[PDB]
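J.: Show me how the following folds:
(2 chains)
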Amino acid sequence: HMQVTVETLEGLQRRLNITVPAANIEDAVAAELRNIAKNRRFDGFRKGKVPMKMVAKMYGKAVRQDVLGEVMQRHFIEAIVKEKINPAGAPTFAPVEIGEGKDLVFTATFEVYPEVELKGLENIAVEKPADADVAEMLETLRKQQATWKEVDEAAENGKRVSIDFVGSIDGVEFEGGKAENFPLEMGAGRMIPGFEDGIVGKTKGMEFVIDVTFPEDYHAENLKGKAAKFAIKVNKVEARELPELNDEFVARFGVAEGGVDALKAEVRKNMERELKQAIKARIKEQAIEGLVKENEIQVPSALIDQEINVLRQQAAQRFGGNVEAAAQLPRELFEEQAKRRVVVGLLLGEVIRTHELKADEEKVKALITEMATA
Amino acid sequence: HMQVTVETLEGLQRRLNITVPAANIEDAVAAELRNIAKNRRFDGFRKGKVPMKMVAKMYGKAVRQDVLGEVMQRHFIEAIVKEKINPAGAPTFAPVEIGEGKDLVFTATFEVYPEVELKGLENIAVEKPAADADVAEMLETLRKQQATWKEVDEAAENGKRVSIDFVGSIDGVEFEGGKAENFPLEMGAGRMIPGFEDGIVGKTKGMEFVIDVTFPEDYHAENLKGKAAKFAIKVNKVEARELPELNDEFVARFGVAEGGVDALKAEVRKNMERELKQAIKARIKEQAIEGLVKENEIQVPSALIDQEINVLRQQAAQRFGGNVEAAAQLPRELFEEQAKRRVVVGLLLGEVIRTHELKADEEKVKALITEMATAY
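T.: Numbers count the residues shown, from 1 in each chain, chains lettered A, B, ... in the order given. Right below this line is the structure:
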């Protein structure tokens, strides 16, 4: 097996230290020499069987440069994959140990894509688990076209419960423990355990106190493991009624891809409103202690794929149009960049759509690439 | 029993008419449908199997439009690879018959690259007889580029470069264009019409004589098509070829830890620029010199055509063919010609840049090269 170690450097600069079993290089160099001997006519000898010693003195080095170049690349890609690292540039190889008969050791220095989440957009967009194509999207369009409506029901998984709450320890209200019209989506696990798990069953108008202890891994210093009380008031309980998934719900879009795009245009349009909302809420949900997960929008896999296909194209360019190499890279490598791409696109798209701003699709896309890949 | 026909329209417009057997579609619609009721559950039935018509009434028209979209793209690419077509832009599909249970029929209209013919550079670059290893190959190439010829007391033989002066005439009449001076005849290169060399072979410097020969029934000279003639040769000077030694030292400056392949490639281009300039200058002098059957040319390492092809294959991928997985199966001959031009135009601007140490954006020069090579 081949070995690799990853080093982080200044900036988005990483270095890979790959080692390759000597056998690989040595076996291949031998073979090719045997080939050259068998298929090259040398002055003074008949095709095939010529002093091996001779062919080695004429192509020994040369063949080693090629076997070497092939081995580095093949293992650079294999490392990248195994190390789940998405290069944002071409790698610069360096020979550490290329001695004949000895294990191959070389370095692969290069740049990667930044990891820091976008300001105010940290983990704001996510992909469903894993429905297997234009199905999950019809569903996404279904939920986006869904409307929340009040119901005389109680708070249970699925329902959205608007609540007001003010936390306190010994009758003393700590900072950021008071929230009005907070929308708690039962089942979303967005609050410190014990919270939600004690509002379930309550209906509109009820006021009550729940005891909740903050987790050890809790961020706030002054609340870490403190026992607390939250005075809750349930403002209302809504249910989401999803429209039907019938034929007239899909005839609105054209035929073939034109249709499969008219629909993507629509899903995108809604995500523009959903992200705007998600962001506003994020503001209002800052400082609100008890929260242990920021809100988020769900992006159909079909839409993340469109971005991953772009990332692959770009990766192929940075590898000299080596398309097969780009295909070999597993999807999860670009998953992150894709999400950043989708969000920046929705950000810009919302401004453009709202004021009917006319801008060349190509320029916008260039900027999205720049802003997303930061 | 699928049917695919190509129809040439006006100019660079082409149209694919594709028919897909209903069963190909209905099945695909089925597989996806089956694959839905066996992966996700809806509010109504167990996390397991559901009504045939349920999943179908819910995802019928949708899954189908999805499959149709996916299918047109795939057949367009297969149709293009089969027909050896290189689209200049994304195709425009138009459904012709999409009715359920019926055969899928659709057209794909688009344009193809105009057939660019670089003036004075027609077939000037040849790829070592195709249709190995990058370093090994370009070393054999660097070697020949360094070879030099020097006069020797030898007779004209295969491999020898015999400078000569000849003047052909049919019947006492020295026909037009049959006059040449100091023509480097590389024995064995088969550059002249059959029989020309076959009669000079053996002679040496000084020697002035005459020989016969008969033009090919298919020679471009409407006045020489077959008529036999006579050239008054004159072996000016015989030269021999001396290639450098191919050993450990001849390649050190190219070691993985020494410039590497990039240094070597740079060296080969550096040499080729010169050869090309010479080849172009030699192109002219030989124009209208009847007797010469093949236009001169320079040899390019496939390693360098490959670099160009990769770039072009990736570019075809973006234009049409969507994703990279699709470009990964496009055949090489689809881009052989455009690659050769990229190399050529690349040496044209290269020589001008190196000679005057002109500094310019490597990315801009490429764009320019790309454009001149495709001329679209």
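J.: In contact with residue A:218, which residues?
T.: Residue A:218 makes contact with A:192, A:224, A:225, A:292, according to CB atoms under 8 Å, 6 or more residues apart in numbering or on different chains. (Each C-beta comes from the backbone N, C-alpha and C, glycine too.)
J.: which residue is nearest the middle of chain A?
T.: residue A:336 (2.2 Å; CA atoms, centre = their mean).
J.: Can you verify my assumption that that residue contacts residue A:113?
T.: Yes. Shown here, residue A:336 and residue A:113 form a contact pair, counting by CB atoms under 8 Å, at 7.4 Å.
J.: Tell me how many other residues crowd the closest residue to chain B within the stretch 151-300 of chain A.
T.: With CB to the nearest CB as the measure, residue A:257 is the residue of the stretch 151-300 of chain A nearest to chain B, at 3.5 Å. Residues near residue A:257, counting by other CB atoms under 10 Å in any protein chain shown, number 18.
J.: Next up, phi/psi of the residue lying farthest from the centre of chain A, please.
T.: Going by CA atoms, centre = their mean, the residue of chain A most distant from its centre is residue A:44, 62.2 Å out. Residue A:44 adopts backbone torsions of phi 100, psi -10, taken as degrees, to the nearest 10.
J.: Next one: it from residue A:50, what distance?
T.: 8 Å (CB to CB, to the nearest Å).
J.: Which strand or helix spans the residue nearest to the centre of chain A?
T.: helix A:332-354 (DSSP states H and E).
J.: other SSEs contacting that helix?
T.: strand A:125-127, helix A:256-284, helix A:301-317, helix A:361-372 (3 or more CB pairs under 8 Å, 6 or more residues apart in numbering or on different chains; DSSP states H and E).
J.: wait, isn't residue A:371 in contact with residue A:345?
T.: No. Using CB under 8 Å, residue A:371 is not in contact with residue A:345; the gap is 9.4 Å.
J.: Now residue A:16: closest residue in space, sequence neighbours ignored.
T.: In space, and not counting its chain neighbours, residue A:16 is closest to residue A:108: 4.0 Å by CB to CB, 6 or more residues apart in numbering or on different chains.
J.: For the stretch 51-200 of chain A, list the residues in contact with chain B, please.
T.: A:57-63, A:65-69, A:93, A:95, A:98, A:131-135, A:138 (CB under 8 Å from any CB of the partner chain).
J.: Mind checking which of these land in helices?
T.: Using DSSP state H, the subset of these located in helices is A:57-63, A:65-69, A:135, A:138.
J.: ok, back up a step: can you pick the most crowded of the contacts of residue A:218?
T.: residue A:192 (21 neighbours).
J.: pretty sure that one is touching residue A:292, no?
T.: Yes. Counting by CB under 8 Å, residue A:192 touches residue A:292, with 5.1 Å between them.
J.: which neighbours do these two share?
T.: With CB under 8 Å, 6+ apart, residue A:192 and residue A:292 have common neighbours A:215, A:218.
J.: Need phi/psi at residue A:180.
T.: The phi/psi pair for residue A:180 (degrees, to the nearest 10) is phi -110, psi 150.
J.: which element is the nearest residue to it once chain neighbours are set aside on?
T.: Nearest non-adjacent residue to residue A:180, counting by CB to CB, 6+ apart: residue A:164, 4.9 Å away. Residue A:164 is part of strand A:160-168 when elements are defined by DSSP H and E.
J.: For that strand, name the packing helices and strands.
T.: Checked by 3+ CB pairs under 8 Å, 6+ apart, strand A:160-168 has strand A:178-185, strand A:227-241 packed alongside it.
J.: could you dump the ones you listed to JSON lines with distance to residue A:308 and mean neighbour count?
T.: Below are the helices and strands packed on strand A:160-168 laid out as JSON lines (distance: least, CB to CB, whole Å; neighbours: other CB atoms under 10 Å in any protein chain shown):
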{"stretch": "strand A:178-185", "distance to residue A:308": "29", "mean neighbour count": "17"}
{"stretch": "strand A:227-241", "distance to residue A:308": "30", "mean neighbour count": "17"}
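J.: closest one to residue A:284 among those strands?
T.: strand A:178-185 (8.5 Å; CB to CB).
J.: what are the C-alpha coordinates of the closest one, in PDB please?
T.: Provided in PDB are the C-alpha atoms of strand A:178-185 (Å, rounded to 0.1, in the frame of the first residue of the first chain):
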ATOM      1  CA  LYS A 178     -35.700  36.000  26.200                       C
ATOM      2  CA  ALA A 179     -37.300  35.400  22.800                       C
ATOM      3  CA  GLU A 180     -40.700  36.400  21.300                       C
ATOM      4  CA  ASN A 181     -42.600  34.700  18.400                       C
ATOM      5  CA  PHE A 182     -39.800  32.200  18.200                       C
ATOM      6  CA  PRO A 183     -40.800  29.500  15.700                       C
ATOM      7  CA  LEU A 184     -39.900  26.100  17.100                       C
ATOM      8  CA  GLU A 185     -40.300  23.300  14.500                       C
END
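J.: quick one: that strand to strand A:227-241, angle?
T.: Counting by axes from the mean of the first three to the mean of the last three CA atoms, to 10 degrees, strand A:178-185 points 40 degrees away from the direction of strand A:227-241.
J.: so what's whichever residue of chain A sits closest to chain B up against?
T.: Closest to chain B within chain A is residue A:321: 3.1 Å, counting by CB to the nearest CB. Taking CB under 8 Å, 6+ apart, we find residue A:321 in contact with B:310, B:311, B:312, B:313, B:314, B:315.
J.: so it, which of the three states?
T.: Per DSSP: H, G, I helix; E, B strand; the rest coil, the secondary structure class of residue A:321 is coil.
J.: still on that earlier bit, quick one: common contacting residues for residue A:336 and residue A:113?
T.: Joint contacts of residue A:336 and residue A:113 (CB under 8 Å, 6+ apart) are residue A:86.
J.: what phi and what psi does the backbone show at the residue of chain A closest to chain B?
T.: phi 60, psi 20.
J.: Tell me who's in contact with the closest residue to residue A:345 other than its chain neighbours.
T.: Leaving aside its chain neighbours, residue A:345 sits nearest to residue A:368 (5.1 Å; criterion: CB to CB, 6+ apart). Neighbour list for residue A:368: A:341, A:344, A:345, A:348 [criterion: CB under 8 Å, 6+ apart].
J.: ok, now with 10 Å
T.: Contacts for residue A:368 (CB atoms under 10 Å, 6 or more residues apart in numbering or on different chains) come out as A:307, A:310, A:340, A:341, A:342, A:343, A:344, A:345, A:346, A:347, A:348, A:349.
J.: Tell me which two of those residues sit farthest apart.
T.: A:310 and A:347 (17.2 Å).
J.: and residue A:149, that one's in a strand?
T.: Yes. The assignment for residue A:149 by three-state DSSP puts it in a strand.
J.: what is it paired to in the beta sheet?
T.: residue A:239 (DSSP bridges).
J.: can you count the residues close to it?
T.: 11.
J.: these two touch, right, it and residue A:242?
T.: No. Using CB atoms under 10 Å, residue A:149 is not in contact with residue A:242; the gap is 11.6 Å.
J.: and the closest residue to residue A:198 other than its chain neighbours, what is it in contact with?
T.: Distances taken as CB to CB, 6+ apart place residue A:210 nearest to residue A:198, at 4.2 Å, with adjacent residues excluded. Counting by CB under 10 Å, 6+ apart, residue A:210 touches A:165, A:167, A:194-199, A:202, A:228-232.
J.: which of the residues in the helix or strand hosting residue A:210 are buried?
T.: Using DSSP H and E, residue A:210 sits within strand A:207-213. Residues of strand A:207-213 classed as buried by neighbour count (16 or more other CB atoms under 10 Å in any protein chain shown): A:210, A:212.
J.: any idea which helix or strand carries residue A:33?
T.: Short version, using DSSP H and E: residue A:33 is in helix A:22-39.
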